[PDB]
Amino acid sequence: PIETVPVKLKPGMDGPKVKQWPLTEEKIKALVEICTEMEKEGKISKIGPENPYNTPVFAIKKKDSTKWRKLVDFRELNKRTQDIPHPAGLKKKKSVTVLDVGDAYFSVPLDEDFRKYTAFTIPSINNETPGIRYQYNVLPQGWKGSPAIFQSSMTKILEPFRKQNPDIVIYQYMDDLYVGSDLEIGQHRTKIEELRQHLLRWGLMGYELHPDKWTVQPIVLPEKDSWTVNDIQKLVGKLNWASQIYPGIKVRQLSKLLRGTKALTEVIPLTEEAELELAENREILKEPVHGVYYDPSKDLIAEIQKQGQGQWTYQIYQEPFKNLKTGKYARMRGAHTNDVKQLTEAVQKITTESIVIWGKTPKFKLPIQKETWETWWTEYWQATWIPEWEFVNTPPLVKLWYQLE
Amino acid sequence: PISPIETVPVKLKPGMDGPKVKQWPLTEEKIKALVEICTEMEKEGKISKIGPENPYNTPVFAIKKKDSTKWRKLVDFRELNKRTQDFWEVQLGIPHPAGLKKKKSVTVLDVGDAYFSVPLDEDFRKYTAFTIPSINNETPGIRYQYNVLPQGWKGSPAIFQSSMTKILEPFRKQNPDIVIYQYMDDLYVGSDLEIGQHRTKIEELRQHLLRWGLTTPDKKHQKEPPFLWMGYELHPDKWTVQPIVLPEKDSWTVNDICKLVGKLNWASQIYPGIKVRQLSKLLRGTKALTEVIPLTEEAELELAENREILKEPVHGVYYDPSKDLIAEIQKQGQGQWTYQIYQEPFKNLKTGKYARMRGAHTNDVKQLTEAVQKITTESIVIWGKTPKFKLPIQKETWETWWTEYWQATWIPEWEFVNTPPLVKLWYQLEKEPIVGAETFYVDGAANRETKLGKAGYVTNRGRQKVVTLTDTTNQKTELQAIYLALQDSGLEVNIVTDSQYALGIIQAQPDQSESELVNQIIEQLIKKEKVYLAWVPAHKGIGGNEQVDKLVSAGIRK
DNA sequence: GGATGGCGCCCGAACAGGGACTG
DNA sequence: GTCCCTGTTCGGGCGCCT
Ligand SMILES: [Mg+2]
């Protein structure tokens, strides 16, 4: 029907060759049911082993619904795919709803010479059957080029709704449409349903955001009426590290209290110049980090520190000690706490903020073993995008720097 | 015959050309067996005679089959494989009998002449050229080319397995409740039908495959239990592995140990208690397969207790999805673990072991978490779900570990079982400084050029000590200083170090390490009643980190 | 003796990432 | 920049199944 648009790879980059990881039974049954309905409608086609490219695939079951959503880990293909202002007002609306408009990508076909790179393999339980491979015929969901090729047709659809509602910011990223407004709770949902009906006239979610409540977690210092040598030693080391971020932090008068070879439990009375030095340092940590400018041509790095008791701290930056945001993320403090389940929820909220504030996914440094993460992270995922990550063994020093009392 | 299925388009790598290798001499016995195969395949259209218009050639050779009577025609396509395109293998794993569900009727039949019944891409057949001699001076050598899949080509396994799935697709779509386990040309067929109605469905499968040029000879058509399938024996209600015969030399070499460990790993799937740590330790640093190595005393002891396990009867059962999956892990020493998966008590589905030594420093709780993950991933492949665990670790011991451990670690639904040796933490670092304990300020320093260093400490009670080191690093001196503080302190001690490298190792609470120095530190930490470890930034003048830094830097720095 | 593919195990080798160090 | 230490991935051998 509609003419195709040629899309090629980057210079000197072959297609993706990532092996499929084991899927559970209920996920394979859902993918088989989805792929058959996608094949009946010409969206995918069977291919053989002469296609040397492959991309993993799985499925997620949204909260309260008997419907599964096919997810293709296309971020290795996006890195190899050949390469609109970001709305600054989205992070200031009272409420923001995220719509899954990934179905709209099936109306546009895909470049014939590019289809071989979008291959995936459906495994079988207990290896009853060799892997059944497919490839895409239309714009795949979760691919970098899908919203770009569809950008022309997307603006045609949303234009009358954008004009009728000028106080509503609608930003698109991957298969998601972020809609924010200042309307009251109720009229906002009524306006979201207006868009859903307007989007169903052409062809063919969760949960509810509030960027007004996104606060930062600044570096805080302990407040005591009785200080020991250990308390001052831990404080001096924390300020010495914090001075890398805030150059105004000084530690001269606090260090002279520790002259000699003292016991850790010896109580040290704070002098006036030392007590004043601790007061000036608290005000410096309140000031924002000076000289930090968002570079779109570099990755967003996101570190996460497990603080225990359901507390999780994170920092977004591009250069060392040049943080763009330092926040925290707390959940339930029960006894049946799932660390992995809480960590995946953290990386989804952190990624969601990056897509809202800067319109890009961050690269996560995860404090978890590689084998532990890949075994259980797909069971708790709920987003249509997937950020890139690496695994690290953090020092327990950074854990104490962004700590909380 | 030949399958009327469409071929798979194959190309060479860009800029490459077909192979040109001359045939090596062959045994008279192999020449007489290769001609009868080729004269018959030439009639069936599976190979075609070529002339001087084909400049390519590739050697051939023949080996005996598992049937041990007939001959198998192989081709040394090592050169063509290097120049052929890349494939994506469709065989994602090996089926296991523990994942089979109980069926009312079972059939195991194979396809005859599997590869040679699947056509090869016409544009690629010229590269598969080979030459076969004969009785010299009485008839020269004939040159054929492959019209079907050759045995020795890189793409033959993937193309056959893919074409086999396309052929079985209409039968599976029509008979969705007939389970067909498909490994190469072997076909395990199960059904919930009466034996009379099941054998009818089998002929429908044989007629469907015959329609696609795949014959199922009666010689490989098993109809009664036990069924020989994938190296097992399938009885109506239980399965077992085919007999495993361990080698029994007296001058064990590397190649002999490599196949003894390989058979023990294969045996551990149903034989519980297999341990291969000491045997695998011998193979370190070797160079050749013929390199002889004498067994150690622990290796003789480990091999003996393994031989006793195999002289015992054992079997597995079949999977019942209406019940739970239960995995029970048992600990062995030196970082070895064994597990047993079952649904009913003492009716194992399968067993296994885990002994992968990860990390330079670790403890039992880390290794137990790693075994839980390997079993969970392995269970998702065989059964598609996660099992419930029975671990030999206290609830409090786990709650303590993931409380202090800075990394996210989680174990699925489990319960504690009292099967010693239990998994425990051999020591706990204090969270606050110890009152009444001597405060040690430790530090180490080393010179990069001369490899000389010094490790020592100063205490708040006036004591100080300095130890000189040779052939050391800056990290080792920091560890040597912490070991020196533990040696000369009481049962309760506070240590202050400036090395976040050494602090990070000790906080993880290891009980075993590749480093003997770290092992000596671990032994000291177990004997202590209370230990508190603080950290201060080095070269910042903090005391008494300054007094010890000036002491160890004297003579090796600045 | 002389082939290929899958999966498993174990090992040593070649990387990458972070921290500390010389003057 | 270099040296050190630790991590993961890769391919070698063996085991098992045209
Ligand atoms: Mg030091």
# chains A, B, ... in the order shown; residues from 1 in each chain; ligands from 1

$ select_by_dssp --residues "region 147-369 of chain A" --states "strand (DSSP E)" --output "ChimeraX atom specification"
/A:169-173,176-181,300-308,311-319,322-330,362-366

$ residues_near_ligand --ligand "ligand 1" --cutoff "7 Å" --atoms "only C-alpha atoms (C1' of nucleotides) and all ligand atoms" --output "count of residues only"
9

$ residues_around --residues "residue 22 (chain C)" --least-positions-apart "6" --cutoff "10 Å" --atoms "only C-alpha atoms (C1' of nucleotides)" --output "PyMOL selection string"
chain B and resi 448+557-558

$ residues_around --residues "region 183-188 of chain B" --least-positions-apart "6" --cutoff "6 Å" --atoms "only C-alpha atoms (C1' of nucleotides)" --output "list in words"
residues 107, 108, 109, 110, 111 and 161 of chain B

$ write_last_selection --atoms "C-alpha atoms" --output "PDB file, in the first residue's frame"
ATOM      1  CA  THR B 107       6.268 -44.592  19.986  1.00  0.00           C
ATOM      2  CA  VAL B 108       9.904 -43.910  19.051  1.00  0.00           C
ATOM      3  CA  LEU B 109      10.784 -44.086  15.347  1.00  0.00           C
ATOM      4  CA  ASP B 110      13.586 -42.566  13.280  1.00  0.00           C
ATOM      5  CA  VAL B 111      13.930 -41.372   9.691  1.00  0.00           C
ATOM      6  CA  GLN B 161      16.521 -29.512  11.689  1.00  0.00           C
TER       7      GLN B 161
END

$ atom_distance --atom1 "CA of residue 483 (chain B)" --atom2 "CA of residue 495 (chain B)"
10.4 Å

$ residues_around --residues "region 54-57 of chain A" --least-positions-apart "6" --cutoff "9 Å" --atoms "only C-alpha atoms (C1' of nucleotides)" --output "MDAnalysis selection string"
(chainID A and resid 15:21 23 31 70:74 76:77 116:122 133) or (chainID B and resid 88)

$ interface_residues --of "chain C" --to "chain B" --cutoff "7 Å" --atoms "only C-alpha atoms (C1' of nucleotides)" --output "PyMOL selection string"
chain C and resi 2-7+9-11

$ interface_residues --of "chain B" --to "chain A" --cutoff "7 Å" --atoms "only C-alpha atoms" --output "count of residues only"
45

$ closest_atom_pairs --of "chain D" --to "chain B" --cutoff "6 Å" --atoms "only C-alpha atoms (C1' of nucleotides)" --output "tab-separated table"
residue	atom	partner	partner_atom	distance
D:14	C1'	B:258	CA	4.7
D:15	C1'	B:262	CA	3.9
D:17	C1'	B:230	CA	5.5

$ write_last_selection --atoms "N, CA and C atoms (P, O5', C5', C4', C3', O3' and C1' of nucleotides)" --output "PDB file, in the first residue's frame"
ATOM      1  P    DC D  14      39.348 -34.379  22.600  1.00  0.00           P
ATOM      2  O5'  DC D  14      38.388 -34.883  23.777  1.00  0.00           O
ATOM      3  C5'  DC D  14      38.914 -35.680  24.832  1.00  0.00           C
ATOM      4  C4'  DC D  14      38.017 -35.622  26.056  1.00  0.00           C
ATOM      5  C3'  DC D  14      36.608 -36.152  25.853  1.00  0.00           C
ATOM      6  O3'  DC D  14      36.577 -37.562  26.022  1.00  0.00           O
ATOM      7  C1'  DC D  14      36.507 -34.057  26.937  1.00  0.00           C
ATOM      8  P    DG D  15      35.419 -38.428  25.320  1.00  0.00           P
ATOM      9  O5'  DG D  15      34.096 -38.046  26.138  1.00  0.00           O
ATOM     10  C5'  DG D  15      33.948 -38.469  27.489  1.00  0.00           C
ATOM     11  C4'  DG D  15      32.639 -37.973  28.075  1.00  0.00           C
ATOM     12  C3'  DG D  15      31.402 -38.339  27.279  1.00  0.00           C
ATOM     13  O3'  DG D  15      30.943 -39.631  27.660  1.00  0.00           O
ATOM     14  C1'  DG D  15      31.340 -36.035  27.841  1.00  0.00           C
ATOM     15  P    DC D  17      25.001 -41.230  24.233  1.00  0.00           P
ATOM     16  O5'  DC D  17      24.072 -40.317  23.304  1.00  0.00           O
ATOM     17  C5'  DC D  17      22.767 -39.963  23.739  1.00  0.00           C
ATOM     18  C4'  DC D  17      22.116 -38.984  22.778  1.00  0.00           C
ATOM     19  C3'  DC D  17      22.004 -39.466  21.345  1.00  0.00           C
ATOM     20  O3'  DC D  17      20.824 -40.244  21.186  1.00  0.00           O
ATOM     21  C1'  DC D  17      22.785 -37.210  21.408  1.00  0.00           C
TER      22       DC D  17
END

$ atom_distance --atom1 "CA of residue 331 (chain A)" --atom2 "CA of residue 310 (chain A)"
5.1 Å

$ atom_distance --atom1 "CA of residue 167 (chain B)" --atom2 "CA of residue 118 (chain B)"
11.0 Å

$ select_by_dssp --residues "region 166-382 of chain A" --states "helix (DSSP H, G or I)" --output "ChimeraX atom specification"
/A:187-200,211-213,229-242,252-256,272-286,339-357,370-379

$ interface_residues --of "chain D" --to "chain A" --cutoff "10 Å" --atoms "only C-alpha atoms (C1' of nucleotides)" --output "list in words"
residues 6, 7 and 8 of chain D

$ residues_around --residues "residue 204 (chain B)" --least-positions-apart "2" --cutoff "12 Å" --atoms "only C-alpha atoms (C1' of nucleotides)" --output "PDB file with N, CA and C atoms, in the first residue's frame"
ATOM      1  N   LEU B 168       6.973 -31.295   9.812  1.00  0.00           N
ATOM      2  CA  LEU B 168       6.101 -31.705  10.906  1.00  0.00           C
ATOM      3  C   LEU B 168       5.079 -30.642  11.290  1.00  0.00           C
ATOM      4  N   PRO B 170       2.445 -29.156   9.536  1.00  0.00           N
ATOM      5  CA  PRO B 170       1.035 -29.484   9.268  1.00  0.00           C
ATOM      6  C   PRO B 170       0.494 -30.603  10.139  1.00  0.00           C
ATOM      7  N   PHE B 171       1.324 -31.587  10.494  1.00  0.00           N
ATOM      8  CA  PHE B 171       0.850 -32.673  11.349  1.00  0.00           C
ATOM      9  C   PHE B 171       0.579 -32.181  12.764  1.00  0.00           C
ATOM     10  N   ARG B 172       1.455 -31.321  13.293  1.00  0.00           N
ATOM     11  CA  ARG B 172       1.244 -30.773  14.628  1.00  0.00           C
ATOM     12  C   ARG B 172       0.019 -29.869  14.670  1.00  0.00           C
ATOM     13  N   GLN B 174      -2.642 -30.131  12.823  1.00  0.00           N
ATOM     14  CA  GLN B 174      -3.835 -30.965  12.722  1.00  0.00           C
ATOM     15  C   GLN B 174      -4.035 -31.813  13.972  1.00  0.00           C
ATOM     16  N   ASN B 175      -2.943 -32.297  14.568  1.00  0.00           N
ATOM     17  CA  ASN B 175      -2.981 -33.125  15.771  1.00  0.00           C
ATOM     18  C   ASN B 175      -2.260 -32.373  16.885  1.00  0.00           C
ATOM     19  N   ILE B 178      -1.016 -34.562  19.992  1.00  0.00           N
ATOM     20  CA  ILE B 178       0.010 -35.577  19.786  1.00  0.00           C
ATOM     21  C   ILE B 178       1.360 -34.897  19.981  1.00  0.00           C
ATOM     22  N   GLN B 197      -5.809 -47.092  18.733  1.00  0.00           N
ATOM     23  CA  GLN B 197      -5.986 -45.772  18.144  1.00  0.00           C
ATOM     24  C   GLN B 197      -4.677 -45.003  18.038  1.00  0.00           C
ATOM     25  N   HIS B 198      -3.684 -45.340  18.861  1.00  0.00           N
ATOM     26  CA  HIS B 198      -2.393 -44.667  18.781  1.00  0.00           C
ATOM     27  C   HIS B 198      -1.605 -45.137  17.564  1.00  0.00           C
ATOM     28  N   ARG B 199      -1.565 -46.453  17.332  1.00  0.00           N
ATOM     29  CA  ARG B 199      -0.845 -46.981  16.178  1.00  0.00           C
ATOM     30  C   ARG B 199      -1.440 -46.478  14.870  1.00  0.00           C
ATOM     31  N   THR B 200      -2.745 -46.199  14.855  1.00  0.00           N
ATOM     32  CA  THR B 200      -3.352 -45.565  13.690  1.00  0.00           C
ATOM     33  C   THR B 200      -2.768 -44.177  13.458  1.00  0.00           C
ATOM     34  N   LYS B 201      -2.623 -43.390  14.527  1.00  0.00           N
ATOM     35  CA  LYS B 201      -2.055 -42.054  14.393  1.00  0.00           C
ATOM     36  C   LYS B 201      -0.590 -42.104  13.981  1.00  0.00           C
ATOM     37  N   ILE B 202       0.108 -43.194  14.307  1.00  0.00           N
ATOM     38  CA  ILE B 202       1.507 -43.323  13.914  1.00  0.00           C
ATOM     39  C   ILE B 202       1.624 -43.513  12.408  1.00  0.00           C
ATOM     40  N   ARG B 206       3.619 -41.541   9.533  1.00  0.00           N
ATOM     41  CA  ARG B 206       4.531 -42.147   8.568  1.00  0.00           C
ATOM     42  C   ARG B 206       4.106 -41.833   7.138  1.00  0.00           C
ATOM     43  N   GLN B 207       2.797 -41.786   6.881  1.00  0.00           N
ATOM     44  CA  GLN B 207       2.323 -41.396   5.558  1.00  0.00           C
ATOM     45  C   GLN B 207       2.539 -39.910   5.301  1.00  0.00           C
ATOM     46  N   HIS B 208       2.460 -39.082   6.346  1.00  0.00           N
ATOM     47  CA  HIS B 208       2.730 -37.658   6.178  1.00  0.00           C
ATOM     48  C   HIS B 208       4.202 -37.409   5.875  1.00  0.00           C
ATOM     49  N   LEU B 209       5.098 -38.120   6.564  1.00  0.00           N
ATOM     50  CA  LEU B 209       6.524 -37.965   6.299  1.00  0.00           C
ATOM     51  C   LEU B 209       6.903 -38.562   4.950  1.00  0.00           C
ATOM     52  N   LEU B 210       6.296 -39.696   4.589  1.00  0.00           N
ATOM     53  CA  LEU B 210       6.552 -40.290   3.281  1.00  0.00           C
ATOM     54  C   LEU B 210       6.118 -39.364   2.155  1.00  0.00           C
ATOM     55  N   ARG B 211       5.045 -38.598   2.369  1.00  0.00           N
ATOM     56  CA  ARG B 211       4.635 -37.602   1.386  1.00  0.00           C
ATOM     57  C   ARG B 211       5.718 -36.551   1.175  1.00  0.00           C
ATOM     58  N   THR B 216      10.454 -44.051   7.183  1.00  0.00           N
ATOM     59  CA  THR B 216      10.646 -44.496   8.563  1.00  0.00           C
ATOM     60  C   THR B 216      10.809 -46.010   8.548  1.00  0.00           C
TER      61      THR B 216
END

$ closest_residue --among "C:13, C:19, C:8, C:1" --to "chain A" --atoms "only C-alpha atoms (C1' of nucleotides)"
C:19

$ decode --residues "chain C" --atoms "N, CA and C atoms (P, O5', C5', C4', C3', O3' and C1' of nucleotides)" --output "JSON list (two decimals), in the first residue's frame"
[["chain", "number", "residue", "atom", "x", "y", "z"],
["C", 1, "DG", "P", 40.16, -45.03, 14.31],
["C", 1, "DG", "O5'", 39.64, -44.11, 13.12],
["C", 1, "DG", "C5'", 39.73, -42.69, 13.21],
["C", 1, "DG", "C4'", 41.18, -42.24, 13.25],
["C", 1, "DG", "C3'", 41.41, -40.80, 12.84],
["C", 1, "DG", "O3'", 41.24, -39.94, 13.97],
["C", 1, "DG", "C1'", 43.02, -42.24, 11.80],
["C", 2, "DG", "P", 41.01, -38.36, 13.78],
["C", 2, "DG", "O5'", 41.31, -38.09, 12.24],
["C", 2, "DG", "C5'", 41.76, -36.81, 11.82],
["C", 2, "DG", "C4'", 41.30, -36.49, 10.41],
["C", 2, "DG", "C3'", 39.79, -36.38, 10.24],
["C", 2, "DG", "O3'", 39.38, -35.05, 10.53],
["C", 2, "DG", "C1'", 40.84, -37.54, 8.40],
["C", 3, "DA", "P", 38.33, -34.76, 11.71],
["C", 3, "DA", "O5'", 37.01, -34.30, 10.93],
["C", 3, "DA", "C5'", 37.12, -33.47, 9.78],
["C", 3, "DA", "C4'", 35.75, -33.09, 9.24],
["C", 3, "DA", "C3'", 34.84, -32.39, 10.23],
["C", 3, "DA", "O3'", 35.11, -31.00, 10.24],
["C", 3, "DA", "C1'", 33.66, -34.14, 9.16],
["C", 4, "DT", "P", 34.84, -30.13, 11.56],
["C", 4, "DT", "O5'", 33.26, -29.92, 11.56],
["C", 4, "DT", "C5'", 32.62, -29.36, 10.42],
["C", 4, "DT", "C4'", 31.12, -29.57, 10.48],
["C", 4, "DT", "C3'", 30.45, -29.08, 11.75],
["C", 4, "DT", "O3'", 30.20, -27.69, 11.66],
["C", 4, "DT", "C1'", 29.64, -31.24, 11.20],
["C", 5, "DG", "P", 30.39, -26.76, 12.96],
["C", 5, "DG", "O5'", 29.03, -26.96, 13.77],
["C", 5, "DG", "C5'", 27.81, -26.49, 13.22],
["C", 5, "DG", "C4'", 26.62, -27.08, 13.95],
["C", 5, "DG", "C3'", 26.65, -26.95, 15.46],
["C", 5, "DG", "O3'", 26.23, -25.65, 15.86],
["C", 5, "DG", "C1'", 25.93, -29.12, 14.85],
["C", 6, "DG", "P", 26.64, -25.09, 17.31],
["C", 6, "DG", "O5'", 25.61, -25.81, 18.30],
["C", 6, "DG", "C5'", 24.21, -25.66, 18.10],
["C", 6, "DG", "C4'", 23.44, -26.63, 18.97],
["C", 6, "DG", "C3'", 23.85, -26.65, 20.43],
["C", 6, "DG", "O3'", 23.18, -25.61, 21.13],
["C", 6, "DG", "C1'", 23.70, -28.86, 19.63],
["C", 7, "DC", "P", 24.02, -24.62, 22.08],
["C", 7, "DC", "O5'", 24.01, -25.35, 23.50],
["C", 7, "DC", "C5'", 22.77, -25.66, 24.13],
["C", 7, "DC", "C4'", 22.91, -26.88, 25.01],
["C", 7, "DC", "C3'", 23.99, -26.79, 26.06],
["C", 7, "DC", "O3'", 23.51, -26.11, 27.21],
["C", 7, "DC", "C1'", 24.12, -28.89, 24.96],
["C", 8, "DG", "P", 24.52, -25.29, 28.15],
["C", 8, "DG", "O5'", 25.27, -26.42, 28.99],
["C", 8, "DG", "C5'", 24.52, -27.28, 29.84],
["C", 8, "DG", "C4'", 25.34, -28.50, 30.24],
["C", 8, "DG", "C3'", 26.65, -28.19, 30.95],
["C", 8, "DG", "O3'", 26.41, -28.01, 32.35],
["C", 8, "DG", "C1'", 26.99, -29.85, 29.28],
["C", 9, "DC", "P", 27.16, -26.85, 33.16],
["C", 9, "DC", "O5'", 28.62, -27.44, 33.43],
["C", 9, "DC", "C5'", 28.79, -28.56, 34.30],
["C", 9, "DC", "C4'", 30.12, -29.24, 34.04],
["C", 9, "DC", "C3'", 31.34, -28.44, 34.45],
["C", 9, "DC", "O3'", 31.72, -28.78, 35.79],
["C", 9, "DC", "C1'", 31.62, -29.42, 32.26],
["C", 10, "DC", "P", 32.44, -27.71, 36.75],
["C", 10, "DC", "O5'", 33.90, -27.54, 36.11],
["C", 10, "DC", "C5'", 34.85, -28.59, 36.23],
["C", 10, "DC", "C4'", 36.05, -28.33, 35.33],
["C", 10, "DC", "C3'", 36.81, -27.04, 35.65],
["C", 10, "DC", "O3'", 37.96, -27.34, 36.43],
["C", 10, "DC", "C1'", 36.52, -27.40, 33.26],
["C", 11, "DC", "P", 38.80, -26.15, 37.12],
["C", 11, "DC", "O5'", 39.74, -25.60, 35.95],
["C", 11, "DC", "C5'", 40.74, -26.44, 35.38],
["C", 11, "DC", "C4'", 41.24, -25.89, 34.06],
["C", 11, "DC", "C3'", 41.88, -24.52, 34.13],
["C", 11, "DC", "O3'", 43.26, -24.64, 34.46],
["C", 11, "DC", "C1'", 40.48, -24.76, 32.18],
["C", 12, "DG", "P", 44.11, -23.35, 34.91],
["C", 12, "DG", "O5'", 44.43, -22.59, 33.54],
["C", 12, "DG", "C5'", 45.21, -23.23, 32.54],
["C", 12, "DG", "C4'", 45.17, -22.45, 31.24],
["C", 12, "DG", "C3'", 45.83, -21.07, 31.28],
["C", 12, "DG", "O3'", 46.52, -20.82, 30.07],
["C", 12, "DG", "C1'", 43.57, -20.84, 30.65],
["C", 13, "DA", "P", 47.44, -19.51, 29.90],
["C", 13, "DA", "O5'", 46.59, -18.58, 28.91],
["C", 13, "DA", "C5'", 46.29, -19.04, 27.60],
["C", 13, "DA", "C4'", 45.39, -18.05, 26.87],
["C", 13, "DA", "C3'", 45.86, -16.60, 26.93],
["C", 13, "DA", "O3'", 45.75, -16.00, 25.64],
["C", 13, "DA", "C1'", 43.64, -16.76, 27.72],
["C", 14, "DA", "P", 46.67, -14.75, 25.25],
["C", 14, "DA", "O5'", 45.62, -13.58, 24.98],
["C", 14, "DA", "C5'", 44.63, -13.74, 23.97],
["C", 14, "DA", "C4'", 43.40, -12.90, 24.27],
["C", 14, "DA", "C3'", 43.67, -11.40, 24.47],
["C", 14, "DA", "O3'", 42.79, -10.64, 23.64],
["C", 14, "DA", "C1'", 42.32, -12.25, 26.21],
["C", 15, "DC", "P", 43.22, -9.18, 23.14],
["C", 15, "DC", "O5'", 43.31, -8.32, 24.49],
["C", 15, "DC", "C5'", 42.44, -7.21, 24.70],
["C", 15, "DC", "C4'", 41.06, -7.68, 25.15],
["C", 15, "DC", "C3'", 40.28, -6.66, 25.96],
["C", 15, "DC", "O3'", 39.54, -5.81, 25.09],
["C", 15, "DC", "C1'", 40.15, -8.83, 26.97],
["C", 16, "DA", "P", 39.40, -4.24, 25.41],
["C", 16, "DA", "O5'", 38.46, -4.21, 26.71],
["C", 16, "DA", "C5'", 37.12, -4.68, 26.63],
["C", 16, "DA", "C4'", 36.38, -4.43, 27.93],
["C", 16, "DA", "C3'", 36.42, -2.98, 28.43],
["C", 16, "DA", "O3'", 35.16, -2.62, 28.98],
["C", 16, "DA", "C1'", 37.39, -4.41, 30.05],
["C", 17, "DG", "P", 34.89, -1.10, 29.42],
["C", 17, "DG", "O5'", 35.15, -1.10, 30.99],
["C", 17, "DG", "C5'", 34.29, -1.83, 31.86],
["C", 17, "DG", "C4'", 34.62, -1.55, 33.31],
["C", 17, "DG", "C3'", 34.96, -0.09, 33.62],
["C", 17, "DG", "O3'", 34.29, 0.31, 34.81],
["C", 17, "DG", "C1'", 36.73, -1.50, 34.33],
["C", 18, "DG", "P", 34.36, 1.84, 35.31],
["C", 18, "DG", "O5'", 35.22, 1.75, 36.65],
["C", 18, "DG", "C5'", 34.87, 0.79, 37.65],
["C", 18, "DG", "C4'", 35.94, 0.72, 38.72],
["C", 18, "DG", "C3'", 36.46, 2.07, 39.21],
["C", 18, "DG", "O3'", 36.49, 2.08, 40.63],
["C", 18, "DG", "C1'", 38.27, 0.70, 38.52],
["C", 19, "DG", "P", 36.60, 3.47, 41.43],
["C", 19, "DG", "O5'", 37.94, 3.30, 42.28],
["C", 19, "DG", "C5'", 38.18, 2.09, 42.97],
["C", 19, "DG", "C4'", 39.66, 1.92, 43.24],
["C", 19, "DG", "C3'", 40.38, 3.21, 43.64],
["C", 19, "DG", "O3'", 40.97, 3.06, 44.92],
["C", 19, "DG", "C1'", 41.57, 2.05, 41.93],
["C", 20, "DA", "P", 41.57, 4.33, 45.69],
["C", 20, "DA", "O5'", 43.15, 4.13, 45.58],
["C", 20, "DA", "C5'", 43.72, 2.86, 45.87],
["C", 20, "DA", "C4'", 45.16, 2.81, 45.43],
["C", 20, "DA", "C3'", 45.97, 4.06, 45.75],
["C", 20, "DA", "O3'", 47.24, 3.70, 46.29],
["C", 20, "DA", "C1'", 46.12, 3.58, 43.44],
["C", 21, "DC", "P", 48.19, 4.81, 46.94],
["C", 21, "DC", "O5'", 49.38, 4.95, 45.88],
["C", 21, "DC", "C5'", 50.11, 3.80, 45.48],
["C", 21, "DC", "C4'", 51.04, 4.12, 44.33],
["C", 21, "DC", "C3'", 51.82, 5.43, 44.48],
["C", 21, "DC", "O3'", 53.19, 5.21, 44.18],
["C", 21, "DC", "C1'", 50.69, 5.38, 42.41],
["C", 22, "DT", "P", 54.32, 6.17, 44.80],
["C", 22, "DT", "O5'", 54.98, 6.85, 43.51],
["C", 22, "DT", "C5'", 55.31, 6.04, 42.39],
["C", 22, "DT", "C4'", 55.83, 6.90, 41.25],
["C", 22, "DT", "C3'", 57.02, 7.79, 41.61],
["C", 22, "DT", "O3'", 57.99, 7.75, 40.57],
["C", 22, "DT", "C1'", 55.25, 9.12, 40.75],
["C", 23, "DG", "P", 59.42, 8.44, 40.78],
["C", 23, "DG", "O5'", 59.29, 9.83, 39.99],
["C", 23, "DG", "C5'", 59.90, 11.00, 40.51],
["C", 23, "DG", "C4'", 59.15, 12.24, 40.06],
["C", 23, "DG", "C3'", 59.57, 13.53, 40.74],
["C", 23, "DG", "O3'", 60.66, 14.10, 40.04],
["C", 23, "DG", "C1'", 57.18, 13.35, 40.67]]
